[PDB]
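>>> Fold the following, please.
(chains A and B)
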Amino acid sequence: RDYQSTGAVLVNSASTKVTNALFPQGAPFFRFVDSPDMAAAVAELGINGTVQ
Amino acid sequence: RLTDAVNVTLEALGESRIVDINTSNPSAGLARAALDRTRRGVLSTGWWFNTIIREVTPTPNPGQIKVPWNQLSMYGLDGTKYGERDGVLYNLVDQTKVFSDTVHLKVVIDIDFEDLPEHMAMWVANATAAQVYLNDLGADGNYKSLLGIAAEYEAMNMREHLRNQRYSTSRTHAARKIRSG
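Numbers count the residues shown, from 1 in each chain, chains lettered A, B, ... in the order given. Sure, structure below:
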């Protein structure tokens, strides 16, 4: 182990922050765009309700 | 080399130096006696050339432990005071000459004047010359200059001793280094 432990804390904090930013909790990380092709394909999925 | 130091002492007195070994009319014997006394006194303290008796287990029948003949000072590695009596190990605090267990002791030996490092030899020679000059010709500026030269040679000897024994910080920092790994 190196003579200083600052780098470990910095890397741990950066990892936590980056992972939280990339994968937010309670919010999906990707959005389907509104396209007729997606609208035609989402219907044949067994999910009730409107297209949105 | 011994004749060289005797000639150093003779030069300090202003007399003509000799070549033949210990076959001179003038009182150069005082130089030899002072040289021997100064060498023993200086080597009495532990230097980088001193031996160690790691373990000497005594035979139960005699009970006594032999020590080197040319020893000058002895220090027990453990917490025991040691000394010489009739050429064998002696217990100062117990006033006894017999031992039943092993002894780990550090012993300082004496070195002949032709078998010691150059700096220490020069220091001994200059100290002997200064002492002889103080005894014979008085205490003048020459004595002070000789004392300064001896001090310089002693400093060089200390430099050599510190070079041979690397006295870095490796006693409590070992724990920190072990913790780091």
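
>>> Quick check, central residue of chain A?
Closest residue to the average C-alpha location of chain A: residue A:29 at 3.0 Å, with CA atoms, centre = their mean.

>>> Name the nearest residue to that one, sequence neighbours excluded.
Among residues not flanking residue A:29 along the chain, residue A:23 sits closest, at 5.8 Å (CB to CB, 6 or more residues apart in numbering or on different chains). Using the backbone N, CA and C atoms, a C-beta is placed for each residue, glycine as well.

>>> where's the one you found relative to residue A:17, distance?
12 Å (CB to CB, to the nearest Å).

>>> and if you look at residue B:156?
61 Å.

>>> okay, these two: which has more neighbours?
Applying other CB atoms under 10 Å in any protein chain shown to residue B:156 and residue A:17 shows that residue B:156 carries more neighbours, namely 16 against 10.

>>> who's in contact with that one?
B:119, B:122-123 (CB atoms under 8 Å, 6 or more residues apart in numbering or on different chains).

>>> Neighbours of residue 36, how many?
Assuming you mean chain A. When neighbours are counted by other CB under 10 Å, residue A:36 comes out with 7.

>>> that answer is for a different chain, and I need it for chain B
15.

>>> Let's verify it: helix, strand, or coil?
Here residue B:36 is recorded as helix under DSSP: H, G, I helix; E, B strand; the rest coil.

>>> residues contacting it?
residue B:113.

>>> and residue B:154, how far is that from residue B:1?
Residue B:154 is 18 Å from residue B:1, by CB to CB.

>>> And those two? Which one has more around it.
Neighbour totals were compared for residue B:154 and residue B:1, and residue B:154 leads with 18 against 14 (other CB under 10 Å).

>>> Could you say which helix or strand holds that one?
Residue B:154 is part of helix B:141-164, with elements assigned from DSSP states H and E.

>>> buried residues in that helix?
For helix B:141-164, the neighbour count (16 or more other CB atoms under 10 Å in any protein chain shown) marks B:142-143, B:146-147, B:149-150, B:153-154, B:156-157, B:160-161 as buried.
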